[PDB]
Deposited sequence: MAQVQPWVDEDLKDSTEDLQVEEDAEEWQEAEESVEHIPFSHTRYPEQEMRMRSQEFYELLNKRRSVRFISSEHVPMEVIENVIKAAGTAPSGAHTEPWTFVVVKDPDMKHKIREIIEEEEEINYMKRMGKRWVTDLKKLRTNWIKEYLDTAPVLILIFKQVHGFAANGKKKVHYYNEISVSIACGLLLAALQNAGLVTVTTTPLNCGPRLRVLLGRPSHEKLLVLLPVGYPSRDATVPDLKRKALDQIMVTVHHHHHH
């Protein structure tokens, strides 16, 4: 359809590549899902920059099938909280099933989500399951694409000194999509409450796998 151009690349010496990759790992490794979020204001320009970063993600056939919905208004944050707490309660009681509920004991999560009120910003990431002269276009691998962008967003948040927890509000998508005025070709993928951690924020003492438990070399 259009032209191709030389690729321009920044090369670092090997030593600098080691040190950069090291320190980026160290930076990302300090990231934890934080479920206790201060209501201190965050600068909107930072939120913008992290969403711009997420928007640099690759996507199947260059479709960029993502919408980041940002909610700061307290009335609206609280309506989102009412929906999530209602749905999550049924999820814990009924829909998740015993094994799932057991697998979550160690996180001490339940259906009470105070962070939906207290966090200064909520970011709801919607995938566009298809797109749109005004003709209908395929979104190839939209879920994976949008999840890659989420990864970039998480990295950008960590790099900027903000915290969050990646949530899936199971069975809340349609209610939240309707509430937020999103079109029917958007689904909710993930909800991220963003801000500074609370002073007494806590995290579960989880450990990550060692390198040789995640990387395999062949042949």
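Comparing the deposited sequence with the modelled residues shows gaps at 1-33, 166-167, 255-259, with numbering starting at 1.
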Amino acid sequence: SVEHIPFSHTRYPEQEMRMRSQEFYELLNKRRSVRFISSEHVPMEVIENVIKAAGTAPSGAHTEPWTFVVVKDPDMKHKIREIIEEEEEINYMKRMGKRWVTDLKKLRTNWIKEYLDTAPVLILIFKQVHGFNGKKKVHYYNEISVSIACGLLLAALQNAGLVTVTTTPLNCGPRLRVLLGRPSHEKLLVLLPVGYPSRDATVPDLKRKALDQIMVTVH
From here on, numbers count along this sequence of modelled residues.
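The PDB entry reports B-factors from which the mean C-alpha value can be compared for 134-142 and 114-122; the larger average falls on 134-142. Among the modelled residues of the chain, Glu45 sits in the highest third by CA temperature factor in this PDB entry. In this PDB entry, the Cα temperature factor of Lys127 sits in the middle third of its chain's modelled residues. The entry lists a Cα temperature factor for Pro174 that places it in the middle third of the chain's modelled residues. In the deposited entry, the Cα temperature factor of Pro197 places it in the middle third of its chain's modelled residues. Split the chain's modelled residues into thirds by C-alpha temperature factor. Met96 is in the highest one.
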